[PDB]
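Contents: one structure, followed by commentary.
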Amino acid sequence: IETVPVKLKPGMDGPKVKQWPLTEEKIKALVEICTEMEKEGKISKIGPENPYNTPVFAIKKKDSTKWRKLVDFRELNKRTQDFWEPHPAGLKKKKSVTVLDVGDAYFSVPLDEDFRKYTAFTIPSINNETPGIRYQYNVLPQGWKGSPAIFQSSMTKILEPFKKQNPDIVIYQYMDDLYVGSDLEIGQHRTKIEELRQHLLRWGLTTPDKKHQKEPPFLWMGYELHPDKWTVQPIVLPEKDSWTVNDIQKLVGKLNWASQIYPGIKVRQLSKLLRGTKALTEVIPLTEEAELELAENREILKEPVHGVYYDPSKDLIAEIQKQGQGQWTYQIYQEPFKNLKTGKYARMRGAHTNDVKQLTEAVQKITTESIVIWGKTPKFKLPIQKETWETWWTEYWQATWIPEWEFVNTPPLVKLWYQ
Amino acid sequence: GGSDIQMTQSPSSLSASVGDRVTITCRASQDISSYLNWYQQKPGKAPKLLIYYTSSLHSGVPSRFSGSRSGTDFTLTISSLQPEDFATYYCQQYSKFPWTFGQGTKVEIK
Amino acid sequence: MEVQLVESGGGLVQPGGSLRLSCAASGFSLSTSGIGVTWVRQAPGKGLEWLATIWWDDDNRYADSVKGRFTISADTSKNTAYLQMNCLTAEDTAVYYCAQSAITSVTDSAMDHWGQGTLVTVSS
Amino acid sequence: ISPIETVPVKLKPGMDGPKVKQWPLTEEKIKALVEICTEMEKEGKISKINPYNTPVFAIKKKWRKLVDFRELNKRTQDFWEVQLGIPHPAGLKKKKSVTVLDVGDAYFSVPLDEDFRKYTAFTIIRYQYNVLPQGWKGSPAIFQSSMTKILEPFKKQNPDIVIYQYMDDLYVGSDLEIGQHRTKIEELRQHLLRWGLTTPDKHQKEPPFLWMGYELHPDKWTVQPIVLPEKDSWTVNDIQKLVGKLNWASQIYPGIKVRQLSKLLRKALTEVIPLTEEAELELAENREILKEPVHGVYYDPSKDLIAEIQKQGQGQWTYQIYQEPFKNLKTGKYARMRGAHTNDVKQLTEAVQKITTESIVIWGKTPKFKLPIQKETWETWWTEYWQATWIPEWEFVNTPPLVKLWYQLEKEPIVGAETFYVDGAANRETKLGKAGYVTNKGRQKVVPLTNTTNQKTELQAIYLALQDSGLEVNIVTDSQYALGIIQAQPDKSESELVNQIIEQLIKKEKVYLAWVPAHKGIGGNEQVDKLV
DNA sequence: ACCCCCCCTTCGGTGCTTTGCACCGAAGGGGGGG
């Protein structure tokens with residue numbers, strides 16, 4: 001098969017990202033995969049004359065202890081051309097959506113020769129016993145934003161016979177994964193996904209066929225979705241029958257901040273109860289005019305803000321906060337104070353022991369949700385020190401993609417998203 | 001099979017009056033992460049799922065019941081013992097098959 | 001319909017005899033992905049002992065006490081579960097419950113909606 | 001001189017050769033420059049047969065030939081060097097027989113790209129380089145990857161012998177007897193000779209082996225002798241070289257401190273600086289540690305890695321990584337001040353990360369940590385902090401001074417405690433402001449401030465309330481900046497004003513901090529707002 | 001004259017705690033390797 005010409009965005013060179021250290025498990029697992037991929041022509045050995053590099057690490061195969069090979073093509077995707085030469089709004093409505101790893105198809109299509117040098121990565125050595133063993137891809141690499149677009153002409157041909165016989169099944173693709181939504185239940189959705197697994201096999205598309213693990217963690221449950229039951233976490237005011245002047249100060253501050261999102265929130269009647277200079281622990285009864293204002297504020301906070309629509313020309317931003325006792329709250333937005341979704345997570349892996357294991361699970365959860373609702377990956381504002389995150393996050397990663405993220409340190413003045 | 005995980009509860013029985021605070025521990029013979037379920041079995045009745053995943057209360061369970069974990073030392077606590085709470089409590093692991101139960105802790109009145 | 005599990009088939013059995021217990025499931029289908037049934041026995045006065053678990057994908061998990069003797073099955077047509085207990089001894093005299101096993105999330109899996117329990121006694 | 005295939009190298013797009021002017025040389029310089037340039041032409045390393053030119057100089061060793069390729073390097077293509085790090089003897093396993101070899105004339109034993117030799121022109125009388133020249137930025141990277149390909153068929157045909165290739169330096173060892181070892185070593189010497197690498201017997205089959213600046217022994221290892229400067233009057237350039245060697249020593253010598261000596265570097269490079277008392281004590285303590293000889297052991301993959309961190313004070317930490325007690329694989333230290341405000345718990349987390357990364361590099365796994373912090377102290381920190389934080393498998397060890405949290409802000413307001421309402425304000429152009437408080441019991445006070453900012457006034461108002469209150473006090477303010485600092489529970493800061501607040505909070509019994517929005521009519525905050 | 005790693009201090013860019021303040025990455029001093 002011929003090769004599609006691939007170029008970079010105008011005025012930008014290739015990626016030059018240093019390789020981070022890897023454990024012995026992953027180094028032994030990466031050299032075993034790279035040799036099998038070099039004997040099969042998928043990758044070819046190179047040297048220091050290639051001035052580009054991108055980080056490579058290892059994750060776990062689905063429902064298995066065998067190691068996988070994952071490349072962090074984030075900086076390369078930012079520099080490759082925009083492949084242009086539709087997102088299903090009903091995918092987020094299906095009773096069930098299953099994710100299928102179809103990245104094996106990419107290892108069959110040869111890659112543009114004048115582009116393979118931008119795909120270089122380096123394998124390190126324990127204690128630097130050996131210098132860097134470099135390679136480059138000859139085929140479409142998994143996790144590269146150009147692979148699904150180049151293969152989009154081929155996949156649409158494969159799925160069209162299946163989509164005809166099943167015209168009520170949405171199929172959306174993002175990177176190496178297929179998002180198959182259906183309205184079936186009582187085992188019917190499970191059987192139809194295996195029909196698609198048999199269809200892809202007849203065209204030569206291998207998919208993970210391992211039996212779902214019965215021992216925790218049930219990581220395979222992350223690939224089984226039910227978007228029709230997803231809820232939003234609204235701003236909630238404290239519910240009390242007796243208030244101290246300290247409770248009302250907290251309440252006024254939370255309302256003053258909430259007014260930046262909801263314009264109809266008023267404070268006058270509640271702040272009128274803090275006119276004197278009384279002790280913080282003193283109970284004050286509420287006037288009939290203040291209770292009416294609190295009721296009208298609760299009524300406003302029931303429904304999300306209107307007049308906020310998704311803009312495909314803009315990027316998505318995801319902010320996450322740690323609430324404690326395994327609780328995490330998040331908001332997705334394109335413009336400030338105009339959230340498209342507010343959610344909450346709880347009872348995640350490491351809820352009793354590991355904050356980093358919780359945060360990585362939440363980041364993958366939010367990203368999977370944003371892929372189903374809008375077809376984009378958000379840019380994350382992670383509440384963690386930079387060195388803490390980069391030390392540990394690869395040990396808990398499971399997706400074939402990696403979203404962009406930055407780090408923040410915003411102490412909680414008020415607890416807005418969780419009361 | 002000697003590779004099975006062993007769940008050891010302590011004590012095997014205890015006596016408390018209404019309003020007391022009761023603690024019941026259950027130690028696992030190996031690391032089972034946080035994958036533990038607690039069950040309540042009143043006399044003559046079938047077992048009821050009380051707590052799942054170490055600390056999550058099952059639907060319908062009052063706020064006096066709590067579950068915690070310190071490595072392999074799991075703890076079920078009852079803040080304000082009630083007449084409805086006098087039963088036998090079993091811990092159960094599911095980190096690995098075969099699943100195993102603790103020997104049980106009987107909470108009596110005295 | 002609420003979730004219900006009703007065991008049946010118990011009774012007195014002679015040494016070396018066998019017995020099949022039924023667990024009729026109402027309120028949920030055994031064909032549902034993530035759903036399984038679980039058998040647990042309790043000797044009179046003693047504690048709970050886990051026995052077997054069949055899952056939605058015909059996956060079976062047995063205890064060492066019953067390996068080679070007990071066989072767990074499921075008929076999705078009648079939406080009931082079975083436990084064929086061969087080679088019974090007096091150490092198998094107990095009340096036998098069937099419970100609903102379900103992998104509900106990445107982290108949650110327990111036993112809920114326990115049946116009333118059927119009694120099995122072996123002579124000696 | 002080597003049959004290996006050439007490495008295609010180009011130049012940056014839109015650039016030409018150097019074409020620089022050679023600056024004049026002395027009479028004694030061209031003497032050896034004419035004697036060595038002829039030896040390379042006869043040896044097959046150059047050819048005097050190209051409008052480019054690069055300046056050339058020489059420095060006595062005898063002499064030495066070095067060409068200034070700074071203009072060619074600025075025009076040559078970029079490279080990705082294959083040397084990702086530095087090996088460390090703590091990662092080596094115990095070997096019965098060991099040999100260390102070096103390759104002479106390494107860069108001159110590798111043929112340069114034919115289509116690129118044009119740009120390697122220089123006048124003395126003009127020559128052209130036919131091998132990798134010294135001074136060209138691509139020469140080291142191209143040599144290393146060439147050396148690796150040569151050693152691959154040997155290392156594949158002998159999977160029970162370890163070769164630590166660093167540039168042209170080789171460490172070889174195996175569990176074979178001294179006979180088979182010296183035999184297989186000669187098999188290598190002929191293998192590198194077959195590819196065009198001379199091994200001048202710069203050869204050691206003689207313990208103790210001097211490798212990478214260390215001293216490898218059959219059952220131990222140590223760093224090569226370290227000679228600290230013993231100066232009369234200390235100048236800043238002498239202090240810089242002192243802390244540099246102490247850092248190099250802290251990898252096996254435990255308990256090295258450097259902070260006080262480095263505080264003298266805070267600056268003309270030749271100014272004689274008088275040592276402080278503390279810096280003169282720190283240097284003396286370091287000299288005491290270096291007086292006794294300390295060694296390290298080798299790695300054993302069957303045993304677990306253990307890392308133990310001790311607190312040294314003033315934001316200084318040291319650690320030892322060991323598998324068997326009292327036999328260190330290596331040591332190290334952490335003494336970095338990330339951020340303006342921090343505490344001992346944050347820094348310990350940062351040290352656990354540095355040790356983790358360093359352990360992945362050397363051994364490829366995370367050690368089990370032994371830390372001087374109680375499990376309940378760590379539980380309180382990470383379950384309450386707003387940022388995610390975690391530490392791998394670790395156990396508490398009671399070697400004081402333990403790590404603790406020196407105070408705690410109350411979650412609910414204190415009943416029966418005098419509540420305060422502080423606020424601060426300053427003028428941007430005037431650069432002058434004030435900060436005061438108004439209590440619920442009627443007390444009032446305002447203190448004028450000079451040469452402060454808006455944030456400095458809001459912190460000063462909190463300081464006043466803590467001074468004019470008892471062991472228990474409630475404080476209400478508008479500064480969310482001041483809360484973001486105090487809520488992080490810092491024990492050490494760079495600003496003197498915050499450290500004054502830190503000491504005040506430890507003296508108290510209960511302190512409650514709360515935030516209210518300004519200009520919304522909150523009584524107390526509205527009263528003290530007009531007073532500033 | 002070239003290439004790699006480490007620590008410590010300084011400085012400038014960058015986004016909120018907003019026109020001050022904090023955090024971070026590069027550069028320049030030193031150590032070490034070839």
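The way I read the labels, and the way they are meant: chains A, B, ... in the order of the structure tokens, residue 1 as the first residue of every chain, and ligand 1 as the first ligand shown, with later ones counted on from there.
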
Any idea which chain B residues end up within 12 Å of chain C if we count only C-alpha atoms, as a VMD selection string please? chain B and resid 1 to 5 7 9 12 33 to 41 43 to 59 88 to 106

For residue A:178, find every residue with an atom within 9 Å (counting only C-alpha atoms (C1' of nucleotides)), except residues of its own chain fewer than 2 positions away, and show them as an mmCIF file with C-alpha atoms, in the first residue's frame.
data_model
loop_
_atom_site.group_PDB
_atom_site.id
_atom_site.type_symbol
_atom_site.label_atom_id
_atom_site.label_comp_id
_atom_site.auth_asym_id
_atom_site.auth_seq_id
_atom_site.Cartn_x
_atom_site.Cartn_y
_atom_site.Cartn_z
ATOM 1 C CA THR A 98 -18.367 -0.204 25.174
ATOM 2 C CA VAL A 99 -14.778 0.777 24.354
ATOM 3 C CA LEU A 100 -12.793 -1.495 22.023
ATOM 4 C CA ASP A 101 -9.036 -1.237 21.483
ATOM 5 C CA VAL A 102 -8.570 -1.438 17.706
ATOM 6 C CA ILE A 171 -19.922 3.827 16.555
ATOM 7 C CA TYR A 172 -17.506 6.670 17.344
ATOM 8 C CA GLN A 173 -13.716 6.481 17.160
ATOM 9 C CA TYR A 174 -11.127 8.421 19.151
ATOM 10 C CA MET A 175 -7.436 7.520 18.681
ATOM 11 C CA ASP A 176 -7.096 3.706 19.001
ATOM 12 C CA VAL A 180 -19.916 1.418 20.506
#

So which residues touch stretch 77-82 of chain D within 9 Å, counting only C-alpha atoms (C1' of nucleotides), skipping near sequence neighbours fewer than 4 positions away, as a compact mmCIF listing (two decimals) with N, CA, C and O atoms (P, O5', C5', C4', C3', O3' and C1' of nucleotides), in the first residue's frame?
# COMPACT_ATOMS: atom_id res chain seq x y z
N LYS A 16 11.58 17.05 20.96
CA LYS A 16 12.86 16.78 21.59
C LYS A 16 12.63 16.70 23.11
O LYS A 16 13.01 17.57 23.88
N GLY A 47 20.18 5.96 15.15
CA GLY A 47 21.26 6.46 15.97
C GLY A 47 21.15 7.93 16.31
O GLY A 47 20.10 8.56 16.15
N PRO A 48 22.25 8.52 16.79
CA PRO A 48 22.21 9.91 17.25
C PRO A 48 22.07 10.93 16.13
O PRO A 48 21.94 12.13 16.43
N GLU A 49 22.12 10.51 14.86
CA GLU A 49 21.92 11.46 13.77
C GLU A 49 20.48 11.95 13.70
O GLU A 49 20.22 12.98 13.07
N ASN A 50 19.54 11.24 14.32
CA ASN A 50 18.16 11.69 14.45
C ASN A 50 18.04 12.63 15.64
O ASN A 50 18.19 12.19 16.79
N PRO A 51 17.77 13.92 15.43
CA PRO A 51 17.74 14.88 16.53
C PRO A 51 16.43 14.92 17.31
O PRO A 51 16.26 15.81 18.15
N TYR A 52 15.50 14.00 17.06
CA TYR A 52 14.20 14.01 17.69
C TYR A 52 14.05 12.82 18.63
O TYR A 52 14.69 11.78 18.44
N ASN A 53 13.20 12.98 19.64
CA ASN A 53 12.93 11.91 20.59
C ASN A 53 11.63 12.21 21.33
O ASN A 53 11.26 13.38 21.51
N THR A 122 13.79 6.48 22.66
CA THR A 122 15.02 5.92 23.20
C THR A 122 14.70 5.01 24.37
O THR A 122 13.90 5.37 25.24
N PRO A 124 16.14 3.30 27.75
CA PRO A 124 17.26 3.49 28.67
C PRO A 124 17.79 2.17 29.22
O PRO A 124 17.28 1.10 28.89
N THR A 130 24.42 0.65 29.35
CA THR A 130 24.47 0.82 27.91
C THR A 130 23.86 2.16 27.54
O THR A 130 22.88 2.58 28.16
N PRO A 131 24.42 2.86 26.55
CA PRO A 131 23.77 4.09 26.07
C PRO A 131 22.39 3.85 25.49
O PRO A 131 21.89 2.72 25.48
N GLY A 132 21.76 4.91 24.99
CA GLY A 132 20.37 4.82 24.56
C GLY A 132 20.22 3.99 23.30
O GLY A 132 20.89 4.23 22.29
N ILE A 133 19.33 3.00 23.35
CA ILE A 133 18.97 2.20 22.18
C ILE A 133 17.76 2.87 21.53
O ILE A 133 16.65 2.81 22.06
N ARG A 134 17.97 3.50 20.39
CA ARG A 134 16.93 4.27 19.72
C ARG A 134 16.25 3.46 18.63
O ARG A 134 16.80 2.49 18.10
N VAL D 9 25.78 12.78 8.22
CA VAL D 9 25.63 14.01 8.98
C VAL D 9 25.56 15.18 8.01
O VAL D 9 26.29 15.22 7.02
N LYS D 10 24.66 16.13 8.30
CA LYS D 10 24.50 17.31 7.47
C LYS D 10 24.71 18.58 8.28
O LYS D 10 25.31 18.54 9.36
N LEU D 11 24.21 19.71 7.78
CA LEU D 11 24.26 20.98 8.49
C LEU D 11 22.86 21.55 8.58
O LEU D 11 21.92 21.08 7.92
N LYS D 12 22.71 22.59 9.40
CA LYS D 12 21.40 23.21 9.56
C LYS D 12 20.98 23.86 8.24
O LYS D 12 21.81 24.46 7.55
N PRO D 13 19.70 23.75 7.86
CA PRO D 13 19.26 24.30 6.57
C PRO D 13 19.43 25.81 6.52
O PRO D 13 19.01 26.53 7.43
N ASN D 73 30.13 23.98 14.87
CA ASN D 73 29.11 23.43 15.76
C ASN D 73 27.85 24.27 15.74
O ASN D 73 26.73 23.74 15.80
N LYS D 137 30.87 18.97 18.04
CA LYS D 137 29.84 18.55 18.99
C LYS D 137 29.27 17.17 18.65
O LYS D 137 28.80 16.46 19.55
N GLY D 138 29.32 16.77 17.38
CA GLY D 138 28.80 15.47 17.01
C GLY D 138 29.75 14.32 17.26
O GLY D 138 29.32 13.16 17.24
N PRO D 140 31.36 13.08 20.03
CA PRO D 140 31.09 12.12 21.12
C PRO D 140 29.88 11.23 20.85
O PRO D 140 29.96 10.01 21.05
N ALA D 141 28.76 11.81 20.41
CA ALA D 141 27.56 11.02 20.17
C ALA D 141 27.80 9.97 19.10
O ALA D 141 27.41 8.80 19.26
N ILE D 142 28.45 10.35 17.99
CA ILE D 142 28.70 9.41 16.91
C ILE D 142 29.65 8.30 17.36
O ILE D 142 29.51 7.15 16.93
N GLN D 144 29.98 7.05 20.51
CA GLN D 144 29.35 6.15 21.47
C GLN D 144 28.47 5.12 20.78
O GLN D 144 28.56 3.92 21.05
N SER D 145 27.60 5.58 19.88
CA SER D 145 26.71 4.67 19.17
C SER D 145 27.49 3.71 18.28
O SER D 145 27.04 2.59 18.03
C1' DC E 3 29.69 15.48 25.06
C3' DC E 3 27.59 16.51 24.96
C4' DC E 3 28.20 16.50 23.57
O3' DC E 3 26.18 16.42 24.96
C5' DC E 3 28.14 17.81 22.82
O5' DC E 3 28.53 18.90 23.63
P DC E 3 28.76 20.35 23.00
P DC E 4 25.34 17.12 26.14
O5' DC E 4 25.41 16.05 27.33
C5' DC E 4 24.80 14.78 27.17
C4' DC E 4 25.07 13.89 28.38
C3' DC E 4 24.66 14.49 29.71
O3' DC E 4 23.28 14.25 29.96
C1' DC E 4 26.85 13.62 29.87

Write out as JSON lines the residues of chain D that have any atom within 7 Å of an atom of chain E, one row each with the nearest atom pair and its distance in Å to one decimal, counting only C-alpha atoms (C1' of nucleotides), sorted by chain and then rising number.
{"residue": "D:66", "atom": "CA", "partner": "E:1", "partner_atom": "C1'", "distance": 5.8}
{"residue": "D:67", "atom": "CA", "partner": "E:1", "partner_atom": "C1'", "distance": 5.7}
{"residue": "D:68", "atom": "CA", "partner": "E:1", "partner_atom": "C1'", "distance": 4.9}
{"residue": "D:69", "atom": "CA", "partner": "E:1", "partner_atom": "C1'", "distance": 6.5}
{"residue": "D:83", "atom": "CA", "partner": "E:4", "partner_atom": "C1'", "distance": 6.0}
{"residue": "D:84", "atom": "CA", "partner": "E:4", "partner_atom": "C1'", "distance": 7.0}
{"residue": "D:85", "atom": "CA", "partner": "E:5", "partner_atom": "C1'", "distance": 5.5}
{"residue": "D:86", "atom": "CA", "partner": "E:5", "partner_atom": "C1'", "distance": 5.5}
{"residue": "D:134", "atom": "CA", "partner": "E:2", "partner_atom": "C1'", "distance": 6.2}
{"residue": "D:135", "atom": "CA", "partner": "E:1", "partner_atom": "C1'", "distance": 3.9}
{"residue": "D:136", "atom": "CA", "partner": "E:2", "partner_atom": "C1'", "distance": 5.3}
{"residue": "D:137", "atom": "CA", "partner": "E:2", "partner_atom": "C1'", "distance": 4.9}
{"residue": "D:140", "atom": "CA", "partner": "E:3", "partner_atom": "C1'", "distance": 5.4}
{"residue": "D:141", "atom": "CA", "partner": "E:3", "partner_atom": "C1'", "distance": 7.0}
{"residue": "D:167", "atom": "CA", "partner": "E:34", "partner_atom": "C1'", "distance": 5.8}
{"residue": "D:168", "atom": "CA", "partner": "E:34", "partner_atom": "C1'", "distance": 6.8}
{"residue": "D:212", "atom": "CA", "partner": "E:33", "partner_atom": "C1'", "distance": 5.8}
{"residue": "D:240", "atom": "CA", "partner": "E:30", "partner_atom": "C1'", "distance": 5.3}
{"residue": "D:241", "atom": "CA", "partner": "E:30", "partner_atom": "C1'", "distance": 5.2}
{"residue": "D:244", "atom": "CA", "partner": "E:31", "partner_atom": "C1'", "distance": 4.2}
{"residue": "D:245", "atom": "CA", "partner": "E:31", "partner_atom": "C1'", "distance": 5.2}
{"residue": "D:247", "atom": "CA", "partner": "E:7", "partner_atom": "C1'", "distance": 6.6}
{"residue": "D:248", "atom": "CA", "partner": "E:31", "partner_atom": "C1'", "distance": 6.0}
{"residue": "D:262", "atom": "CA", "partner": "E:8", "partner_atom": "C1'", "distance": 6.9}
{"residue": "D:266", "atom": "CA", "partner": "E:9", "partner_atom": "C1'", "distance": 6.8}
{"residue": "D:339", "atom": "CA", "partner": "E:23", "partner_atom": "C1'", "distance": 6.8}
{"residue": "D:480", "atom": "CA", "partner": "E:17", "partner_atom": "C1'", "distance": 6.9}
{"residue": "D:481", "atom": "CA", "partner": "E:17", "partner_atom": "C1'", "distance": 4.5}

Please, which residues of stretch 24-109 of chain B, numbered as in this document, come out strand (DSSP E) from DSSP, as a ChimeraX atom specification? /B:24-28,36-41,48-52,56-57,65-70,73-78,88-93,100-101,105-108

Selection to disk with C-alpha atoms, as a CSV table (one decimal), in the first residue's frame:
chain,number,residue,atom,x,y,z
B,24,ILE,CA,-14.8,-5.5,65.8
B,25,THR,CA,-11.4,-6.2,64.1
B,26,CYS,CA,-10.6,-8.6,61.3
B,27,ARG,CA,-7.0,-9.2,60.2
B,28,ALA,CA,-6.1,-10.7,56.8
B,36,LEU,CA,-13.4,-6.3,52.2
B,37,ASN,CA,-17.2,-6.7,52.9
B,38,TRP,CA,-18.9,-6.9,56.2
B,39,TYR,CA,-22.1,-8.8,56.9
B,40,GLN,CA,-24.7,-8.9,59.6
B,41,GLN,CA,-26.7,-12.0,60.5
B,48,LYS,CA,-27.3,-9.0,55.3
B,49,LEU,CA,-24.6,-7.0,53.5
B,50,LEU,CA,-23.7,-4.3,55.9
B,51,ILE,CA,-20.5,-2.7,54.5
B,52,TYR,CA,-18.8,-3.1,51.1
B,56,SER,CA,-19.0,2.0,52.0
B,57,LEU,CA,-22.3,1.6,53.8
B,65,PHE,CA,-21.8,1.7,61.4
B,66,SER,CA,-18.3,2.5,60.1
B,67,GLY,CA,-15.6,0.6,58.3
B,68,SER,CA,-11.9,1.4,58.3
B,69,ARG,CA,-8.6,-0.2,57.2
B,70,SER,CA,-5.0,0.1,58.4
B,73,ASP,CA,-6.2,-4.6,60.0
B,74,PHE,CA,-9.8,-3.9,59.2
B,75,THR,CA,-12.2,-2.4,61.8
B,76,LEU,CA,-16.0,-2.4,62.0
B,77,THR,CA,-17.3,0.1,64.6
B,78,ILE,CA,-20.8,0.8,66.0
B,88,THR,CA,-23.2,-11.9,64.4
B,89,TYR,CA,-20.8,-10.0,62.1
B,90,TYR,CA,-18.7,-11.7,59.5
B,91,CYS,CA,-15.9,-10.1,57.4
B,92,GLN,CA,-15.3,-11.4,53.9
B,93,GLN,CA,-12.4,-10.9,51.5
B,100,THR,CA,-13.1,-16.6,52.7
B,101,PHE,CA,-15.1,-15.5,55.7
B,105,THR,CA,-18.1,-12.0,66.0
B,106,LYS,CA,-21.2,-12.4,68.2
B,107,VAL,CA,-22.5,-9.2,69.9
B,108,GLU,CA,-24.7,-10.1,72.9

Hey, which bits of chain D sit within 12 Å of chain B, and for each residue what's the closest pair of atoms and how far apart in Å (one decimal), counting only C-alpha atoms, rows by chain and increasing number, as a Markdown table?
| residue | atom | partner | partner_atom | distance |
| --- | --- | --- | --- | --- |
| D:375 | CA | B:70 | CA | 10.2 |
| D:376 | CA | B:70 | CA | 10.9 |
| D:379 | CA | B:70 | CA | 10.6 |
| D:393 | CA | B:71 | CA | 10.6 |
| D:394 | CA | B:71 | CA | 11.6 |
| D:395 | CA | B:71 | CA | 11.7 |

Residues of chain A within 10 Å of chain B, counting only C-alpha atoms, as a PDB file with N, CA and C atoms, in the first residue's frame:
ATOM      1  N   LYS A 214     -12.118 -11.557  37.358  1.00  0.00           N
ATOM      2  CA  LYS A 214     -13.056 -11.713  38.460  1.00  0.00           C
ATOM      3  C   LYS A 214     -12.457 -11.319  39.803  1.00  0.00           C
ATOM      4  N   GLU A 215     -11.204 -10.866  39.825  1.00  0.00           N
ATOM      5  CA  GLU A 215     -10.570 -10.418  41.050  1.00  0.00           C
ATOM      6  C   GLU A 215     -10.226  -8.936  40.959  1.00  0.00           C
ATOM      7  N   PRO A 216     -10.385  -8.187  42.051  1.00  0.00           N
ATOM      8  CA  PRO A 216     -10.197  -6.743  41.980  1.00  0.00           C
ATOM      9  C   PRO A 216      -8.723  -6.397  41.862  1.00  0.00           C
ATOM     10  N   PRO A 217      -8.391  -5.226  41.291  1.00  0.00           N
ATOM     11  CA  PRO A 217      -9.335  -4.233  40.761  1.00  0.00           C
ATOM     12  C   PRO A 217      -9.946  -4.633  39.418  1.00  0.00           C
ATOM     13  N   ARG A 347     -15.294   6.707  46.119  1.00  0.00           N
ATOM     14  CA  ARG A 347     -15.058   5.266  46.204  1.00  0.00           C
ATOM     15  C   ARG A 347     -14.219   4.773  45.022  1.00  0.00           C
ATOM     16  N   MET A 348     -13.048   5.378  44.867  1.00  0.00           N
ATOM     17  CA  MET A 348     -12.127   5.024  43.798  1.00  0.00           C
ATOM     18  C   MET A 348     -10.970   4.202  44.350  1.00  0.00           C
ATOM     19  N   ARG A 349     -10.163   3.667  43.433  1.00  0.00           N
ATOM     20  CA  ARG A 349      -8.997   2.891  43.830  1.00  0.00           C
ATOM     21  C   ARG A 349      -8.075   3.730  44.705  1.00  0.00           C
ATOM     22  N   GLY A 350      -7.612   3.140  45.804  1.00  0.00           N
ATOM     23  CA  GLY A 350      -6.756   3.871  46.715  1.00  0.00           C
ATOM     24  C   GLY A 350      -7.459   4.927  47.534  1.00  0.00           C
ATOM     25  N   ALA A 351      -8.782   4.825  47.690  1.00  0.00           N
ATOM     26  CA  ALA A 351      -9.523   5.802  48.482  1.00  0.00           C
ATOM     27  C   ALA A 351      -9.044   5.867  49.926  1.00  0.00           C
ATOM     28  N   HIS A 352      -8.450   4.788  50.441  1.00  0.00           N
ATOM     29  CA  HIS A 352      -7.995   4.734  51.822  1.00  0.00           C
ATOM     30  C   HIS A 352      -6.485   4.865  51.967  1.00  0.00           C
ATOM     31  N   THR A 353      -5.735   4.893  50.864  1.00  0.00           N
ATOM     32  CA  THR A 353      -4.283   4.769  50.958  1.00  0.00           C
ATOM     33  C   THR A 353      -3.494   5.667  50.015  1.00  0.00           C
TER      34      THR A 353
END
